[PDB]
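Residue-level structure breakdown
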Amino acid sequence: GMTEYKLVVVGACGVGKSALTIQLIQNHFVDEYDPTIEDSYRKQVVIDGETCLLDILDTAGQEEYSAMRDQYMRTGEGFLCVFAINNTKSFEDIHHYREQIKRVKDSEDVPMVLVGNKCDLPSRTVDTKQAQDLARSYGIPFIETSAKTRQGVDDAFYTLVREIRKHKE
Ligand SMILES: *CCC(=O)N1CCN(c2nc(NCCC(=O)N(C)C)nc3cc(-c4ccccc4F)c(Cl)cc23)CC1
Ligand SMILES: Nc1nc2c(ncn2[C@@H]2O[C@H](COP(=O)(O)OP(=O)(O)O)[C@@H](O)[C@H]2O)c(=O)[nH]1
Ligand SMILES: [Mg+2]
């Protein structure tokens, strides 16, 4: 049957995990999505000529037990690690998310993509070079996005699918 890619979107509160996912799935920018809602979304896309299904968990890191979070963490194939380019703390927190991903997968070789979001905003506090150097240290792609304008949104998710394809082969 049709190939499915199970993706998990993670990162600190307010970096735009929900806005990015909703821009990807529904092709519009949600100004204030409830910060405590976790939910999953499915969309049929074509990536490099291949029709496939994206199965995406937009995490909200609530301490209540979430069976959806449980199933996606263990069976998820790739992770988008999101920070906002005007949120220095959320860039600094990438190390924690990368560590947690390695731990939940019990694997040093997990498909991931570093995403720097909100690039429509002026006077960023996290330089492109900063994040390019970090992703290079991790050996992962870095993509700059704007969930508001849609810049780089498809690129971020499709690049993560390509990282997963490389891992599987
Ligand atoms: C603000 C609402 C929101 O979008 N989220 C809630 C908080 N959340 C989250 N927070 C943490 N905190 C750890 C603090 C830290 O950096 N220390 C060094 C102590 N940790 C999370 C971990 C995960 C996670 C668990 C397992 C595997 C992969 C993971 F990313 C998640 Cl999903 C969320 C948080 C972010 C979301
Ligand atoms: N200007 C701008 N605002 C954004 C962008 N992405 C998200 N936001 C806003 O940032 C705030 C937090 O976004 P949200 O998607 O709820 O973040 P989450 O906590 O990671 O799920 C919301 O007010 C969004 O409208 C963006 O790319 N550009
Ligand atoms: Mg959210």
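Up top you'll find the structure we're talking about.
So, how was this worked out
Residues numbered from 1 in each chain as written, not as in the entry; some residues may be left out. Chains lettered and ligands numbered in written order. Heavy atoms only, no water. Helix = DSSP H or I, 4+ residues; strand = E, 2+ residues; numbered from the N terminus. Rg over C-alpha atoms; globule rule 2.2 N^0.38 Å. Buried < 20%, exposed > 50% of the residue type's maximum accessible area, 1.4 Å probe, protein only. Contact = heavy atoms within 4.5 Å. Areas by Shrake-Rupley, 256 points an atom, 1.4 Å probe, with all protein chains shown as cover. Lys, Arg positive; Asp, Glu negative; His and termini not counted. Charge placed at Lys NZ, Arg CZ, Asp CG, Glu CD. 1 Å grid on protein atoms, 1.4 Å probe; cavity = no way out; pocket = protein on both sides within 12 Å on 5 of 7 lines; lining within 4 Å. Points joined across faces, edges and corners; volume = space filled by probe spheres on them. Nonpolar A, V, L, I, M, F, W, Y, C, P; charged D, E, K, R; others polar. Near = heavy atom within 4 Å. Polar contact = N/O pair within 3.5 Å; in protein donor to acceptor, adjacent residues only side chain to side chain. Pairing = 2+ DSSP bridges. Axes fitted to C-alpha atoms, helices over the stretch in contact; angles between N-to-C directions.

1. Quick notes on the overall build of the chain
- Broken down by element type, the chain carries six helices and six strands.
- Ordered by position from the N terminus, the helices and strands of the chain form the series β-α-β-β-α-β-α-α-β-α-β-α.
- Here the C-alpha atoms of the chain give a radius of gyration of 15 Å, agreeing with the 15 Å that 2.2 N^0.38 yields for 169 residues.
- A principal-axis box enclosing the C-alpha atoms of the chain has dimensions of 45 × 40 × 35 Å.
- When the 169 residues of the chain are sorted by exposure, 49% land in the buried category.
- A separation of at least 24 residues holds for 70% of the contacts in the chain among residues at least 6 apart in sequence.
- With the model as given, the accessible surface of the chain reaches about 8600 Å², and the carbon-plus-sulfur share is 45%.
- Positive and negative side-chain charges of the chain, numbering 21 and 28 respectively, have mean locations separated by a distance of 2 Å.

2. Topic: the layout of surface pockets
- What the largest pocket holds in volume is close to 710 Å³.
- In terms of lining, the largest pocket is formed by 35 residues, of which the most central are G11, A12, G14, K17 and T59.
- Residue assignment for the lining of the largest pocket shows that the elements contributing at least two residues are strand 1 (4-11), helix 1 (17-26), helix 2 (67-75) and helix 4 (94-105).
- With five residues, helix 4 is the single largest residue contributor to the lining of the largest pocket.
- Its residues assigned to classes, the lining of the largest pocket comprises 18 nonpolar, nine polar and eight charged.
- Roughly 170 Å³ of internal volume is contained in the second largest pocket.
- Lining the second largest pocket, in full, are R98, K102, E108, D109, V110, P111, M112, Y138, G139, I140, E163 and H167.
- At the level of secondary structure, the elements contributing two or more residues to the lining of the second largest pocket comprise helix 4 and helix 6 (153-168).
- Broken down by class, the residue content of the lining of the second largest pocket amounts to five nonpolar, two polar and five charged.

3. A short note on the site of ligand 1
- Taken together, the neighbourhood of ligand 1 is formed by 14 residues, with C13, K17, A60, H96 and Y97 sitting nearest.
- In this structure, an oxygen atom belonging to ligand 1 sits 2.8 Å away from a side-chain N or O atom of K17.
- Protein coverage of the free-state accessible area of ligand 1, which is 760 Å², stands at 66%.
- Going through the elements one at a time, strand 1, helix 2 and helix 4 are the ones with two or more residues in the shell around ligand 1.

4. Some remarks on the sheet that holds strand 4 (residues 78-84)
- Reading across from one edge, 2-3-1-4-5-6 is the order of the six strands in this open sheet, with mixed pairing throughout. The strands lining the two open edges of the sheet, one partner per strand, are strand 2 (39-47) and strand 6 (142-144). Adjacent strand axes in the sheet meet at a mean angle of 25 degrees, parallel and antiparallel pairs treated alike.
- Bridging between strand 4 and strand 5 (residues 112-117) involves six bridges; their strand directions are parallel. Each residue of the ladder has a partner; that of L80, found in strand 5, is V113.
- Where helix 4 meets the sheet, its contacts fall on strand 1, strand 4 and strand 5, and the angle it forms with strand 4 comes to roughly 165 degrees.
- Relative to strand 6, helix 5 (residues 128-138) is tilted by about 155 degrees, and along the sheet it contacts strand 4, strand 5 and strand 6.

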